[PDB]
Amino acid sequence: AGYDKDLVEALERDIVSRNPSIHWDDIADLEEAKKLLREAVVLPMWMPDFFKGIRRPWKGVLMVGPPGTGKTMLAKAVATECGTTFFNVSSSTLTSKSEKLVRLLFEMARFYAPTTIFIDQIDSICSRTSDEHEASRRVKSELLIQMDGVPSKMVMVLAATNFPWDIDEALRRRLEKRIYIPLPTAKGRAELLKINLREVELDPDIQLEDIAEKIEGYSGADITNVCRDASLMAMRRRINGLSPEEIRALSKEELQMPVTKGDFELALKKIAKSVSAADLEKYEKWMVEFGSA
């Protein structure tokens, strides 16, 4: 016990998830990304005869792509299938709060014998004051050491990035398998809308299919925020006219009004896609040069 123990506990509250169990069928689309991810991290467990005598497995796995596509949900799905402990490591915030944390992290992962370490926004470790450049350098050196080291005592490392071009060559070398996570297609944006609109009534004049086409380029997080924004505005029109006594007395179901076409029109005009066509060009070019076999 003592300071080292509370360090382990402080990292535990930050990295372990509240709902780490995601199943593949709970994730829309990503059929190609799911297949490439399972072959890279699940097939070696299933076929040790093939991956110890025919073809060695990939050493590291890096998920690249635009933000809001569900890289964290896919990483949780790998942990749920493999039956492992899931650590959600935010690299950008772990540097702010050194090298000891990196070793303690992998020491915890080894302690919870089968563990999946998800290192999110791993490109931030290679960020160009002076102390930050030294702390990020120490964190990167200890990370390469731990990643170079990795039946029931298995520790796999999964990484994700929205800017793969910012990852150093030494860190890219420990992430052999690179998998692109795409934005939803025209068909994919339609099912994400209806799943996000399962607890809110919609006026009949609202055209969901017209919305699914207009939101081309939107990520899964963008569609969610458009549905949450339109539902917030419809809910606020009821709340604003009510008194506190009435607000306290009304239940969840009575406070949410139906969402109108004006709400969706306003939410869509306030929330543009976070990814441009030029952005997708950069991902494609990077995938051509560095995409894994």
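Numbering starts at 1 and follows the sequence shown.
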Interval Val150-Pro151, deposited residues with no coordinates in the entry (none, 1 to 3, 4 to 9, 10 or more): 4 to 9
Residues of the deposited sequence left unbuilt between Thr129 and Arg128: 1 to 3
Greater mean Cα temperature factor according to the PDB record, 99 to 107 or 86 to 94: 86 to 94
234 to 242 versus 47 to 55 - which carries the larger mean C-alpha B factor in the record: 234 to 242
Criterion, highest CA B-factor; candidates, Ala267, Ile247, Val61, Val64: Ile247
Out of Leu74, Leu143, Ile181, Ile211, highest CA B-factor residue: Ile211
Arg137 - which third its CA temperature factor falls in, relative to the rest of the chain: middle
Relative C-alpha B-factor of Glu31, binned into the chain's lowest, middle or highest third: lowest
Ranked C-alpha temperature factor of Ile271 among modelled chain residues, by third: highest
Third of the chain, ranked by Cα B-factor, where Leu255 sits: highest
Where the record places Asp120 (Cα B-factor, split into thirds across the chain): middle
